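Just so it is clear, the values below take in all heavy atoms, side chains as well, and ignore hydrogens, waters and symmetry mates. Within every chain, numbering begins at 1; the chains are lettered A, B, ... in the order of the sequence lines, protein sequences first and strands thereafter.
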Amino acid sequence: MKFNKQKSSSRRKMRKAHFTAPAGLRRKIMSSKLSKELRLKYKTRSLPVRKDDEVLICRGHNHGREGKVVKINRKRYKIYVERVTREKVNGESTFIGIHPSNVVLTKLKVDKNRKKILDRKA
Amino acid sequence: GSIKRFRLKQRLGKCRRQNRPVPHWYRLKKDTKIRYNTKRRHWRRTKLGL
Amino acid sequence: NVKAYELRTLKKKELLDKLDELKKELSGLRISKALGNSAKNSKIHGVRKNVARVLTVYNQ
Amino acid sequence: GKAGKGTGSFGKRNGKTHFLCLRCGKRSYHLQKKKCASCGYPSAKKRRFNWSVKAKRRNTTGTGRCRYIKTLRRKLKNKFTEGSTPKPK
RNA sequence: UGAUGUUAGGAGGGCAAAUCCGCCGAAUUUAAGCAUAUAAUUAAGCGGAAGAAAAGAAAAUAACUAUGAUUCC
RNA sequence: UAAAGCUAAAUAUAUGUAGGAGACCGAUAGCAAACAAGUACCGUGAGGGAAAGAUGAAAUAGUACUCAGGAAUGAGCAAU
RNA sequence: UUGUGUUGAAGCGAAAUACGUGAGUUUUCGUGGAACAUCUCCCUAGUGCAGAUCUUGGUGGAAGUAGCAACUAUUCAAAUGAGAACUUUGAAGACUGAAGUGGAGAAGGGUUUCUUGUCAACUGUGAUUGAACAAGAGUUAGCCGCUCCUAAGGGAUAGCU
RNA sequence: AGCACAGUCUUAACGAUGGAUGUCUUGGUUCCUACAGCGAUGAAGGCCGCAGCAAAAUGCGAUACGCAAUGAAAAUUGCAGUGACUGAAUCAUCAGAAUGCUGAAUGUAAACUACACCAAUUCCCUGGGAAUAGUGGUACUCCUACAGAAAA
Ligand SMILES: [Mg+2]
Ligand SMILES: [Mg+2]
Ligand SMILES: [Mg+2]
Ligand SMILES: [Mg+2]
Ligand SMILES: [Mg+2]
Ligand SMILES: [Mg+2]
Ligand SMILES: [Mg+2]
Ligand SMILES: [Mg+2]
Ligand SMILES: [Mg+2]
Ligand SMILES: [Mg+2]
Ligand SMILES: [Mg+2]
Ligand SMILES: [Mg+2]
Ligand SMILES: [Mg+2]
Ligand SMILES: [Mg+2]
Ligand SMILES: [Mg+2]
Ligand SMILES: [Mg+2]
Ligand SMILES: [Mg+2]
Ligand SMILES: [Mg+2]
Ligand SMILES: [Mg+2]
Ligand SMILES: [Mg+2]
Ligand SMILES: [Mg+2]
Ligand SMILES: [Mg+2]
Ligand SMILES: [Mg+2]
Ligand SMILES: [Mg+2]
Ligand SMILES: [Mg+2]
Ligand SMILES: [Mg+2]
Ligand SMILES: [Mg+2]
Ligand SMILES: [Mg+2]
Ligand SMILES: [Mg+2]
Ligand SMILES: [Mg+2]
Ligand SMILES: [Mg+2]
Ligand SMILES: [Mg+2]
Ligand SMILES: [Mg+2]
Ligand SMILES: [Mg+2]
Ligand SMILES: [Mg+2]
Ligand SMILES: [Mg+2]
Ligand SMILES: [Mg+2]
Ligand SMILES: [Mg+2]
Ligand SMILES: [Mg+2]
Ligand SMILES: [Zn+2]
């Protein structure tokens, strides 16, 4: 690392650890940034992205569009938004994969689990 | 021949079972590359060596 | 779909009875699969797991 | 003559010297001596020599299932008392 | 005193060897040839242990104004 | 002060397991093996033993439609 | 130390009113799609190929050439099919000649057996055939055998080395 | 509508065949540090099985690509299916339960799923009931104790 010699800074090792991470670690890696308004109401800076949140697309060809998150794909490292779509060569409709770090989430969907986390973070 | 022992007959059946192709639905899977079974054996070409 | 914590209060008698009827049901499903009735082929897994849970509780 | 020392006498080659070996599964059991040429089956030991490094590594400890040994790792760091469980709830 | 006992309670046997302990035991090679010599108290073979093993509290040096169990640099 | 016995530390570690690193190699190189590799295959047997990595940011974009042809396949005013 | 690059790197193909005695250096156009130098002075090495009956891989002339010759022998008409000298049906002419390409077993093989489908490669000419490829089936014993007895022999126990 | 002899060799431009070059790397290699055996309470190795549709490799053992418990915690997905709306879908940890036939292999054997002797054996309720040809033991050498017999 920087000063403690007990963990690595090898490209090989922790580039192998990113692509074979277990499914319980993949949700911490898949985290987004909180808006300015949500950063006063909550003392956290960033949260892992969940399903029924609302996000603003900030980077890419679809920058500036908003909408709701309809699916999370932990194997491919991607999320899906409700009206951002594509046509295949057949003519069937699909969803364009978005990377969660390209996004900032503007409205949350709280529950029993979330509260006991935001409370600790504040 | 026609005369056999139990163990040998069971091994013959086992060897016959493993000489079948990769299923078709398995190929529609993602995160897979296995096209065909690379250990196929024809009775007249390669001997079992039992 | 049975749960382990709901079986810790049963007596050995009806624990064995429950295992017996689980086995009868799984045999029925196997028979119906041998005939080309594919409709209920997906229920086998749940019955198998239920049998395993009942055996676990009884043996402990 | 006609069953000479080459092609003609290869047609007389039915019969078997060796068959499958109980305790190692290789076709190396001399049916008439009754002794495996690979593992030395009828005897208690294993029949491995030091002049073959390659042979000594096809059938060593690491190259199988390790059924009971693999479950015995990390007890050196957990060191739980036998008969114990984590606290409930 | 020995045999006997499906009497009660227990032990040994097989795997693995990089480092360790005991036995057995060559020739290639060098000598510009070769037989003593060297290779070597080595390779192959057969046995026995531990996280280290083996050694170890003088029937030891010295010849000095004397030192003081073993191991290793 | 022989012909009986025990005993830590400072030493070693081409094995097994875990961790860290380099003026080292870069798919005919580096372990035989970067891939269902001691695998496929050869020998009665003791044994011998390979070849084979790369579309694209995204196939949650892997080629829809039309014409010719028995089909493969080709062509387009048509398509990612 | 001080520089190039999505306003296009390395590499590769063809070149130049270019420089040098020379090994080479530099530049244009095309392709390409992601990295590349340092000549300011130093350090370092698995550092320079025409050959070794050199190693591994790819490719020629010979060349549409050598050749596709044992086992007496084929013909007419029909069905199928995109397509029949070598698939099927009927009619002819012939062979094996009971020491038979007729029946039944052992060693060895292991599903080659049966029904259906069927042609990318194979079936050294064709092929709609097939022991090839795919889906599903098929082996029933008190009386047939093993299993029991002993043989030439093998392994062991006591003891001894 | 018409005109270039054919073959062989040389140069350019566009292609075919082949896989060199450059760039890439979840691999190798060496050194440094730390810990260290397993087995009759049945090891290492071998064989046979287990999924709804399932060949290999990977994982498991008649509870068989996984049970219970503990920490996280909504989905897993090729179809079919199962999931709170947190002992449940999935990931991690792993202490309880369970762990086929073998193998030193140890009742006699072994290119046999061959053949013995001894105790019938297991389960449910609190003395009654029920089930099953199913279960366990029996190598060799040795030590301590014991048992009687036999010899002196
Ligand atoms: Mg036979
Ligand atoms: Mg043959
Ligand atoms: Mg000879
Ligand atoms: Mg013989
Ligand atoms: Mg013994
Ligand atoms: Mg021993
Ligand atoms: Mg000499
Ligand atoms: Mg000389
Ligand atoms: Mg000489
Ligand atoms: Mg030695
Ligand atoms: Mg030991
Ligand atoms: Mg000691
Ligand atoms: Mg001592
Ligand atoms: Mg002493
Ligand atoms: Mg490294
Ligand atoms: Mg290589
Ligand atoms: Mg350069
Ligand atoms: Mg060189
Ligand atoms: Mg060269
Ligand atoms: Mg050359
Ligand atoms: Mg040639
Ligand atoms: Mg000719
Ligand atoms: Mg023919
Ligand atoms: Mg005649
Ligand atoms: Mg005649
Ligand atoms: Mg005659
Ligand atoms: Mg047939
Ligand atoms: Mg047919
Ligand atoms: Mg042909
Ligand atoms: Mg076939
Ligand atoms: Mg029968
Ligand atoms: Mg009979
Ligand atoms: Mg005899
Ligand atoms: Mg001309
Ligand atoms: Mg609870
Ligand atoms: Mg839980
Ligand atoms: Mg067991
Ligand atoms: Mg036995
Ligand atoms: Mg017999
Ligand atoms: Zn063997």
Is it the case that [N] stacks on [M] (six-membered ring centres closer than 5.5 Å, ring planes within an angle under 30°)?
N: F:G53; M: F:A54; result: yes
N: G:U115; M: G:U116; result: yes
N: F:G38; M: F:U39; result: no
N: E:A49; M: E:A50; result: yes
N: H:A92; M: H:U93; result: yes

I want to check one thing: is the phosphate of [N], taken as OP1 and OP2, less than 4.0 Å away from some side-chain N or O of [X]?
X: B:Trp43; N: G:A132; value: yes
X: B:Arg35; N: H:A56; value: no
X: D:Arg74; N: H:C94; value: yes
X: A:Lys71; N: H:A75; value: no
X: A:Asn113; N: H:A74; value: yes
X: B:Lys39; N: H:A55; value: no
X: B:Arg17; N: H:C48; value: no
X: D:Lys16; N: G:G109; value: yes
X: C:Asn1; N: H:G83; value: yes
X: A:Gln6; N: F:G19; value: no

When we call it a touch if two heavy atoms are under 4.0 Å apart, what does [X] touch: a base, just sugar-phosphate, or nothing?
X: C:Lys49; answer: sugar-phosphate
X: B:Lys29; answer: base
X: A:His18; answer: nothing
X: D:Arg58; answer: base
X: D:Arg67; answer: base
X: C:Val51; answer: nothing

With a 3.5 Å cut-off and heavy atoms only, can you find an N or O donor on one side and an acceptor on the other between the side chain of [X] and the base of [N]?
X: C:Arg8; N: H:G96; result: no
X: D:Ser84; N: H:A95; result: yes
X: D:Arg65; N: H:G61; result: yes
X: B:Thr38; N: F:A36; result: yes

Any chance you could measure A:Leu105, atom CG, to A:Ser35, atom OG, to the nearest 0.5 Å? 7.0 Å
A:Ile98 side, atom CD1; A:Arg65 side, atom CZ - distance, nearest 0.5 Å: 8.5 Å
So, D:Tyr68 and H:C38: ring centres less than 5.5 Å apart, planes less than 30° off, yes or no? no
Is there a stack between D:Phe19 and H:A111, judged by ring centres under 5.5 Å and planes under 30°? no
For [N], pucker side given by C1'-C2'-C3'-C4' sign:
N: F:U28; answer: south
N: E:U1; answer: north
N: G:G51; answer: south

Count the heavy atoms belonging to other residues, nucleotides or ligands that lie under 6.0 Å from OH of B:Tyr36, then report whether that count exceeds 12. no
D:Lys46 atom NZ, over 12 foreign heavy atoms within 6.0 Å: yes
Groove assignment for D:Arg23, based on side-chain heavy atoms closer than 5.0 Å to base atoms: minor
Residue whose closest nucleotide on RNA chain H lies nearer the 5' end, C:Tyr58 versus D:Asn59: D:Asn59
Donor on one side chain, acceptor on other, A:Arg26 and A:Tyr77, under 3.5 Å: yes
What distance, rounded to whole Å, do you find between the two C1' atoms, one in G:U88 and one in G:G109? 33 Å
Length of the NZ-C1' vector between B:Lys33 and F:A54, whole Å: 11 Å
Between F:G45, H:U113, H:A68, which one does the side chain of B:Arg7 approach most closely? H:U113
Please check F:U73 against F:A68: Watson-Crick or G-U wobble, both distances under 3.5 Å. yes
Any C:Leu26 side-chain heavy atom under 4.5 Å of C:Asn50 side chain: no
Taking syn as a glycosidic torsion within 90° of 0 and anything else as anti, which one is E:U29? anti
Report the base-pairing partner of G:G30 (Watson-Crick or G-U wobble, both distances below 3.5 angstrom), or none. G:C12
Using every non-hydrogen atom in the two residues, find where D:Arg47 and D:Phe49 come nearest and quote the distance to one decimal. NE-CE1, 3.8 Å
RNA chain H stem ranges, 3 or more consecutive Watson-Crick or G-U pairs under 3.5 angstrom: E:7-12 with H:140-145, F:15-22 with H:29-36, H:45-47 with H:100-102, H:48-50 with H:59-61, H:69-72 with H:90-93, H:116-119 with H:135-138, H:120-125 with H:127-132
